[PDB]
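S.K.: Pasting a structure here, questions to come.
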Amino acid sequence: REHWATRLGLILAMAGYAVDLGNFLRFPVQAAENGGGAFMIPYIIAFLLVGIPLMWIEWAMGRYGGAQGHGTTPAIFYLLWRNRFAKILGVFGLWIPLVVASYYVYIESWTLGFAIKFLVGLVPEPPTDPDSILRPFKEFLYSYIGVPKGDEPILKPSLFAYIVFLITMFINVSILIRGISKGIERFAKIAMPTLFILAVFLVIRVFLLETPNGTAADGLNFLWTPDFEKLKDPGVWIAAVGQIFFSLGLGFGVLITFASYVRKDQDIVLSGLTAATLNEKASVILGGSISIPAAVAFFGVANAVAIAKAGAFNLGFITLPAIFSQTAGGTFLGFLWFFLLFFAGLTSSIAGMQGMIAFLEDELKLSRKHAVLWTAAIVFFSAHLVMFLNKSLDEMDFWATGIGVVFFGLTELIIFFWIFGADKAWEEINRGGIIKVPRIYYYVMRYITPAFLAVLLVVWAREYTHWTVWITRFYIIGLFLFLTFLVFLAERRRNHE
Ligand SMILES: CN[C@H]1CC[C@@H](c2ccc(Cl)c(Cl)c2)c2ccccc21
Ligand code: NA
Ligand code: NA
């Protein structure tokens, strides 16, 4: 079996997975709409009661199953719980990341495309007034995506956007085809420093932004200013819990797959806590000091709520490029921005597609070349549903990463800590640990964490379309069935040998 080369590379690949666009865009927006700096109160709490424990558990299940040549949850859930239903539940942790991949790489391709467009100067040049600056970039993006002009739910992406997507995929394959150590890890040692560099440079440049409308200090002011009255809102306490899942990457079965390349007695306690911290520092320090400040600085704190309510996607693909077309040499800033975002995705999409690659290697005994190509061929095909069917993206994401990861996360808890047994699990986590997990986390992992996951699981089901959504539902259900069939073939090949 493949293994990570250096302890550093492990943490960087682990941090590379969790460090993403959401760090720079989604996190700053959620904080601004949920109490500013007061949002740190329920967020830090959720980082402690939910995010850290669940991460250790996936590191635990990962390493536990990796020692036996199995990196995926259809196998690992059967090792924690020898059952017919356990294999079926494990399919989700191979289904989820395959669904997300169908649309993540595509969104990743966009940043690559914009980075290229910005670098060569192929960007809109307005003109005065805010809607006079934003509209040229709102249209620039929509011509790239192919946003429907008519009533039809059909997207018509540019030939360029499509080609970059092939190129983007090709880039992903290159890294994945070289393996865990000479590929993902080797890249994680290049990307993460390069990432941090671009991040700091933008932070420095952003703090030097001054307009008649405001300064970067006003952005950091508005953003981090605590609104403790919003802490009364349960929804804020829910946004915090959902965000932790999102930021860390829990419930994607990727940590489990990635941790399955960690050696049997190698530390997973401190290493994970490091990668977890790298992601958080990336968010509160680097991320919340570029996007929100730069917007408030240019449009004034009088629009700060309007900008936050405009969404994270707008902030990074429409709002910030429009601001860069109005700054000194900002055509190159546009490039550094979309190139910062490209790596943030590439370090996460190589981690996402490994779950399928691991399954084809471990369970169907395919070579690494075939496992990588066939996974690519599957992702490339399914993305056409995302590229051409309007709102197909929202549908896949809602199920996979809105209900799916939260459900599957509570599944990992119960299977590893209630079915497999808490004591056997607790030992599995602490073993080989440089530092030992605090004795108090035994109770958190057993009650508090699955409680939080459960009471959240109740509200997102109580709180929550066209007809074309059935097309996407049809396809992604058909994915689950097909993956059930491969798990079935995997267990019929094993009885013969
Ligand atoms: C974990 N937070 C980021 C990390 C990578 C990125 C991600 C996660 C899983 C996969 Cl399978 C892929 Cl391809 C990509 C992602 C997706 C959705 C939501 C959040 C995030
Ligand atoms: Na994150
Ligand atoms: Na990443």
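Under PDB author numbering, the letters of the sequence shown match residues 5 to 131, 135 to 471, 479 to 511, in that order.
Backbone N, C-alpha and C define an ideal beta-carbon position, used for all residues, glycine too.
Hey, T354 and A119: beta-carbon distance below 9 Å or not?
M.R.: No, they are not a contact pair.
S.K.: Does the beta carbon of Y21 fall short of 8 Å from some heavy atom of ligand 3?
M.R.: Result yes, Cβ under 8 Å from ligand 3.
S.K.: Just checking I364 against ligand 1 - is the residue's beta carbon closer than 8 Å to any of the ligand's heavy atoms?
M.R.: No, Cβ of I364 sits at least 8 Å from all heavy atoms of ligand 1.
S.K.: Would you mind sorting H74 into buried or exposed? The rule is 16 or more other CB atoms within 10 Å of its CB.
M.R.: Buried, because 16 or more other Cβ atoms sit within 10 Å of the Cβ of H74.
S.K.: Helix or strand or just coil, what does DSSP make of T482?
M.R.: Looking at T482 - three-state DSSP - the assignment turns out to be coil, as it is neither helix nor strand.
S.K.: Using 8 Å as the Cβ pair cut-off and three pairs as the minimum, do the segment 138-153 and the segment 372-385 touch?
M.R.: No, the segment 138-153 does not touch the segment 372-385.
S.K.: Relative to the C-alpha of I100, which candidate in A504, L493, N509 has its C-alpha closest?
M.R.: The residue with the shortest Cα to Cα distance from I100 is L493.
S.K.: Measuring straight from C-alpha to C-alpha, what distance separates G97 and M360?
M.R.: Looking at the two C-alpha atoms, the distance is approximately 12 Å.
S.K.: For the candidate residues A266, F259, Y489, whose alpha-carbon lies nearest to that of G411?
M.R.: Residue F259 is the option with its Cα nearest to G411.
S.K.: In the DSSP assignment, the alpha helix (DSSP H) including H391 goes from what residue to what residue?
M.R.: First-last of the alpha helix (DSSP H) with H391: 375-395.
S.K.: Does the segment 365-379 come within contact of the segment 389-398, defined as at least 3 CB pairs closer than 8 Å?
M.R.: The segment 365-379 vs the segment 389-398: no contact.
S.K.: May I have the straight-line CA-CA distance separating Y151 from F395, to the nearest angstrom?
M.R.: Their Cα atoms are separated by approximately 12 Å.
S.K.: Closest to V95 by CA distance: which of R508, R507, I491 is it?
M.R.: Selected option, being the one with the closest Cα: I491.
S.K.: On the DSSP letters alone, give me the boundaries of the alpha helix (DSSP H) that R446 sits inside.
M.R.: Looking at the DSSP string, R446 is not in any alpha helix (DSSP H), and its letter there is neither H nor E.
S.K.: Measure how close the beta-carbons of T232 and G40 come, nearest whole angstrom, since I'm counting them as under 8 Å.
M.R.: Yes, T232 and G40 are in contact; Cβ-Cβ is about 5 Å, under 8 Å.
S.K.: Could you spell out the range, first to last residue, of the alpha helix (DSSP H) harbouring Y454?
M.R.: It is not in any alpha helix (DSSP H) - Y454 carries neither H nor E in the DSSP assignment.
S.K.: Hey, how far is the Cα of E112 from the Cα of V154?
M.R.: Between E112 and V154, the C-alpha separation is close to 17 Å.
S.K.: By the three-class DSSP mapping on this structure, what secondary structure does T281 have?
M.R.: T281 falls in the helix class under three-state DSSP.
S.K.: Give me, in chain order, the residues of the same chain whose beta-carbon lies closer than 8 Å to that of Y108; leave out the 5 immediate sequence neighbours on both sides.
M.R.: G352, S355, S356, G359, listed in sequence order.
S.K.: Whose CA, out of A461, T175, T486, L497, lies closest to the CA of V54?
M.R.: Per the Cα distances, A461.
S.K.: Output yes or no for whether 9 Å exceeds the beta carbon distance between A266 and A64.
M.R.: The answer is yes: Cβ separation under 9 Å.
S.K.: Residues in the same chain with beta-carbon distance under 6 Å from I364, minus the five sequence neighbours each way, listed in chain order, please.
M.R.: Around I364: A378, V379, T382.
S.K.: Could you tell me which of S296, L123, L227 sits nearest to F208, measuring between CA atoms?
M.R.: For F208, the nearest C-alpha among the options comes from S296.
S.K.: Using only the alpha-carbon positions, how far apart do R185 and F194 sit?
M.R.: Going by the C-alpha atoms only, they are around 10 Å apart.
S.K.: Provide the residue span of the alpha helix (DSSP H) that contains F423, from first to last.
M.R.: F423 -> no alpha helix (DSSP H), and no H or E assigned at all.
S.K.: Thinking C-alpha only, which one of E129, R508, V23 is nearest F203?
M.R.: Out of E129, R508, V23, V23 has the C-alpha closest to the C-alpha of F203.
S.K.: Quick check: does the Cβ of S356 come within less than 8 Å of any heavy atom belonging to ligand 1?
M.R.: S356: yes, Cβ under 8 Å from ligand 1.
S.K.: Do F43 and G294 have their beta-carbon atoms positioned less than 9 Å apart in this structure?
M.R.: For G294 and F43, no; Cβs fall outside 9 Å.
S.K.: Would you mind reading off the limits of the alpha helix (DSSP H) that contains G337?
M.R.: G337 -> alpha helix (DSSP H) spans 337-359.
S.K.: In angstroms with no decimal places, state the Cα-to-Cα distance between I330 and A247.
M.R.: Straight-line Cα distance between these residues: approximately 29 Å.
S.K.: What's the gap between the Cα of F342 and the Cα of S298?
M.R.: Taking the straight line joining both Cα atoms gives about 15 Å.
S.K.: Report the option in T201, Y68, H7 whose CA atom is closest to the CA atom of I436.
M.R.: Out of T201, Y68, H7, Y68 has the C-alpha closest to the C-alpha of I436.
S.K.: The alpha helix (DSSP H) that contains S106, what's its start and end?
M.R.: Residues 88-124.
S.K.: Note down the Cα distance separating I211 from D234, rounded to an integer number of angstroms.
M.R.: Answer to the nearest angstrom: the Cα atoms are 27 Å apart.
S.K.: Look at the Cβ atom of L173, then the Cβ atom of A35, and state whether they are nearer than 9 Å.
M.R.: No; because the gap between Cβ atoms is not below 9 Å, this pair is not in contact.
S.K.: Measure the alpha-carbon distance for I191 versus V261 and round it to whole angstroms.
M.R.: Straight-line Cα distance between these residues: approximately 13 Å.
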